[PDB]
Amino acid sequence: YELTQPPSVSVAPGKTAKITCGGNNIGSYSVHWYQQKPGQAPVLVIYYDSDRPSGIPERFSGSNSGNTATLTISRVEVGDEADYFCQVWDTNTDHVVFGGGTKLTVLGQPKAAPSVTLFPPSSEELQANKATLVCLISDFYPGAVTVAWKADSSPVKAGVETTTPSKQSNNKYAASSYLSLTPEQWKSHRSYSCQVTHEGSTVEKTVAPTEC
Amino acid sequence: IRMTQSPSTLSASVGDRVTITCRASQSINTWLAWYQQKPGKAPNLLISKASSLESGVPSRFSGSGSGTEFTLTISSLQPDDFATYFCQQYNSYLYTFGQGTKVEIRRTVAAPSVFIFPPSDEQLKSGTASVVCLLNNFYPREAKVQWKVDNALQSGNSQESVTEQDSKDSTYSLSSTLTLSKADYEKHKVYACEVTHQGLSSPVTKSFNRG
Amino acid sequence: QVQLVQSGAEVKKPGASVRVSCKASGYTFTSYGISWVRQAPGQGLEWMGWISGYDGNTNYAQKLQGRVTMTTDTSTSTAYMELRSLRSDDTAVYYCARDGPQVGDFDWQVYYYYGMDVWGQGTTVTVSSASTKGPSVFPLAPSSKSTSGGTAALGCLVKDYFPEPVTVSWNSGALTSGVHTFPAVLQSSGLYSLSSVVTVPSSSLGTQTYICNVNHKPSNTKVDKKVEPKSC
Amino acid sequence: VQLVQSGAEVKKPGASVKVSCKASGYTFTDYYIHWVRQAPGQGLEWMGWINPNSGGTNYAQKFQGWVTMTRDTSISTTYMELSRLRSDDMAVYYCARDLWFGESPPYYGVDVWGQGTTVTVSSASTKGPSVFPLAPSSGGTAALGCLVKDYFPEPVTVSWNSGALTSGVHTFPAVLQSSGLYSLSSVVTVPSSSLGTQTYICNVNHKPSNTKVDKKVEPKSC
Amino acid sequence: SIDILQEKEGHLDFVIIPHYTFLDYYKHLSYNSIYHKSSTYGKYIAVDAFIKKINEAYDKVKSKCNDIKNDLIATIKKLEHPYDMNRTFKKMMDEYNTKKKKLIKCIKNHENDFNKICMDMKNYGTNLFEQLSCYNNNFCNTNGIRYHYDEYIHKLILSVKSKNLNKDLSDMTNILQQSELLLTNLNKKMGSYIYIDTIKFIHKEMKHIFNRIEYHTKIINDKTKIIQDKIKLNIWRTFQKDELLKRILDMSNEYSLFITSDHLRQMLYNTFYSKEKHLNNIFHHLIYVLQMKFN
């Protein structure tokens, strides 16, 4: 028995958001719903298709009939940004089945281009026969970037380790990218660039082996 | 210490009011119990402190009396109430029962059917001869059977047996067995049993000559 | 289910002891007592004793003093009756009955006024010098003479057996109307003897076979004697 | 009403982990406990339930054979053992209380969740970080930091000037490298004017390898 | 009034509550009469045998309804198992109603038999109590009240305290609430209306049983506090014959009302969970029917 959920739903602060949970004859199953905020344990927000547990606001409601269960979130606050999971119990297989989840994105939040800082290798690391370029990316929102390195305009993908975005204390996001090369490779090129793309704009920082 | 029931045998019909009397030799206060005993079965408790009806015993059963005089009463004699009844003192730690009071079914006088049986040939080979006189389905129970061998009345050589009153015709049956050694039996010709009963206007005789 | 189950029939020689058991169910054994009462063949009821299931206190009849010993076993809820130095006049059905727990104790009737309210099935105890013997079954044959109207009588003399009982049936149980099996009598010889008769129509003497089925389990005896009409 | 699970686990493949979950604010034997796992960035996977009264369990198909659920009623605690861990078992494991009160629920659903226990699976060996200075260079504000290279396992603590410097500091989440080792940077945004009078030392501490390193970050000399 | 209880599956019984209290009350009078004087403590086993003989007889009259009781059990089996016979709930509810009516009818018929056994216990108990005397009528001993309490009542007060009766009621409210919550959700999806009708019926029976348990729990709690306060007053002192006797009747009254509510609450608890076992099964079967259906 499978529960199919749209991977993403996005709404404006005052608008109402609908999260669907598809399943054959889901109308005969009792659907429970969970909200899981980023880096948090899930919380039960609707049980038995439409009932709200104590402490759950009236903005949250649910319905279920046919092949679609719906979680309706009226007057969506920014704090409602979470993954939402529907759940059923299927007696035929004796299994608790959870849907794939729906990420709720709340619009209206202002876009911030990333701040980029590129550090060339330290003399101490070069003395140890190694070379790591450090690209620090911070203060960006929506919270998603693509990172491209270059060596004299030719793209570089080998030796690149890039982190997933992370929510900062100020609600903006952060990421870091590393380029591990050999000291000989480092000294061979004229320049090295770290290009950060955020929405449709690239922020570039360039470091040269001939700098001090 | 000594209970005496009166009467010892009582003739009654279904629907009748019957009252057994139990007398004690010395005062037993109200410490008297009553019992019912159907033949071949165990007695059942009927009444406890001379009047306390035991749980589940028909309400037709009632008791009364104190000191020396006590009475058991059955208001409407039903087909099951025909049995012998016992009264019992428990004033002293040594219990004493009464002699019993038989309650039998009353019906019309039925004359017995009389049959005489000579000894079998196999029993004669054994060295003894038993002649049995059968009185079949008679009423009342009181009957006199006399054995006459060549008109000589016999005494001490016969044994009687009576059945329980019949569940379908309320009659009794009796078997009287006259026993003689082969030597004594082969010394006489006529063997007869004379039966006397209220249903017979004059004694009925059943006889045979041996051989 | 409140009940008292007693041990089976017993045949003992004069001067011997008997041990009758009485197992209780459906009640608290240690909260009551057991009374023992017997009945000699064709006679009234006679009380022999009492024992308490609570403390084992006993009260015997004066007739049985120094001969009877009733004991008890709280573990199995059983009451025993042991009568030694047995005599001919000890032949009786011995019964056990539920009684109060403190009959000795003065003013006992004020705290438990009930009579002997639950009885065991009884235990046939026969005292005798006699030895086991299967009965000799003799026919009691009808004839043209000695037939009252159209009704003929025939039977079986189940003579000289020991001990009681024997069972008589006619035609393997197929014949039941008009049959009278008489209570046995104990003869001077120490042996029992009885008659089982059947009244039948005269029209059947020469056409229907009549067999009496005597079965004396004590001596493993099974006798099927054919009763045949005497021609003469 | 709470479920408090045991702390983060770091295990090698082929090893086992017994995670605990202590119940509070209610009678532990009156409600079933479920276990659900979550791979990073992925959905909720029901692993199975346990009846805390009898100890009877029900394992999901994919978790049968290598998951064992038990409880100790004396201490209101349920456990889940993962036997013979593999790389793909890196996930947050959760314990969650069924909303049905009593035995044999006709339907199953959760109302109270534990905080999660991260189980990390790697064949890497405990290695202390090599620490490097990210010298300040070229508005009126300068960026300098430390590079905490090739350490395993998490976590590393980065302090500035023995804890005294906490403004303008940004210690960044670590990258897991293809080698199995971690690397992180800690940048501190300082006034450019301070660069000649204020000395900056980063203090790195890796408790698993018992490594404590201090690194002076001075403006690049030429 | 009469209560019909279900300790376990296939085990229906009945209690005529006023008879239970009446019979228990006169058991307390009986023991208090023999414990007042040391010269009558041995008679305890005779009182025991009498009281057990009275209940044996009481139970034999209850046994007269065995066949009508067994009838109701079978009808209840059809009601509690609609998944095994599968049609017309109304007919099944009417069936239960009349079979239950027939049991109360049998009970009412034996009213006089039940009253004679009760009135024999009253006469017995008042007989011992009316002959209770003191060496000094101005100074009657309360050692009998003390002994009887220690050996007959204190064991029940400790036993009832060890059980958390107030959490038994909390547990039952969670059961009732989650059952209605699921019931209301399933009713909106249909399936076998026979299953929803029998769930609604068993559920309402359970609320009624709960009300009786809640009511008996309040009495158990109040009487345990009242017996414990009142026992202090009637002990460790003497009384005039009149006041001692009024105090023996007052204690006996408190004990009998407490023992009654304890006996009934225990039996109603067995009934609530016996009925709950069947509600659970029907919930399991309705969910099976609903999920294994067409769209």
# chains A, B, ... in the order shown; residues from 1 in each chain; ligands from 1
>>> interface_residues(of="chain C", to="chain B", cutoff="8 Å", atoms="only C-alpha atoms", output="NGL selection string")
:C and (44-47 or 49 or 59-61 or 95 or 103-104 or 109 or 113-122 or 138-142 or 146-148 or 153 or 180-185 or 195)
>>> select_by_dssp(residues="segment 67-290 of chain E", states="alpha helix (DSSP H)", output="MDAnalysis selection string")
chainID E and resid 67:80 89:109 111:130 143:148 154:162 165:187 193:233 241:290
>>> closest_residue(among="D:31, D:49, D:107, D:152", to="chain E", atoms="only C-alpha atoms")
D:107
>>> select_by_dssp(residues="segment 42-288 of chain E", states="strand (DSSP E)", output="compact mmCIF listing (two decimals) with C-alpha atoms, in the first residue's frame")
# COMPACT_ATOMS: atom_id res chain seq x y z
CA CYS E 140 -19.90 -3.08 78.05
CA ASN E 141 -16.63 -4.13 76.39
CA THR E 238 -16.79 0.87 77.19
CA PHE E 239 -20.46 1.81 76.51
>>> closest_residue(among="E:178, E:295, E:228, E:252", to="chain D", atoms="only C-alpha atoms")
E:178
>>> closest_residue(among="E:77, E:52, E:27, E:62", to="residue 56 of chain B", atoms="only C-alpha atoms")
E:62
>>> residues_around(residues="residue 29 of chain C", least_positions_apart="4", cutoff="12 Å", atoms="only C-alpha atoms", output="MDAnalysis selection string")
(chainID C and resid 2:4 22:25 33:34 51:56 72:79 97:101) or (chainID E and resid 45 48:49 52)
>>> interface_residues(of="chain E", to="chain A", cutoff="8 Å", atoms="only C-alpha atoms", output="list in words")
residues 182, 185, 189, 287, 288, 290, 291, 292, 293, 294 and 295 of chain E
